[PDB]
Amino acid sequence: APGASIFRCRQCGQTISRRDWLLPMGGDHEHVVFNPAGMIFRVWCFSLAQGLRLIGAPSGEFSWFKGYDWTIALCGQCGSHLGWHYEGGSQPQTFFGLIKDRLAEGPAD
């Protein structure tokens, strides 16, 4: 009965990802970053995620991950901004960077 298994949206409980899907980008699954508006994010990288809605077309502007374009990822249920989907890069071509404090971690369904 593991308690550290599944990540859900902190606001509504939508299933989003899994600890098993953590991805060590540049040797670390955690990346502490800031946006042009100065907001600091503790971003956890995941190979896969579900339950999101990706908004708009990709952009390379200000990307925290060299060679990747990003799209905003909202919770598909409640619209909470959960992070970004990254695409267009290499090894891997795509991944998710999700905001750790916006997810709740718990046991598997």
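Numbers follow the displayed sequence, beginning with 1.
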Problem set entry | Selected stretch [higher average CA B-factor]: 88 to 96 or 19 to 27 | 19 to 27
For this session: Going by the average Cα B-factor in the PDB entry, point out whether 76 to 84 or 33 to 41 comes out higher.
Result: 33 to 41
Exercise. What third of the chain, by the recorded C-alpha B-factor, contains residue 70?
Worked result: lowest
For this session: Can you work out whether the C-alpha temperature factor of residue 46 puts it in the lowest, middle or highest third of the chain?
Result: lowest
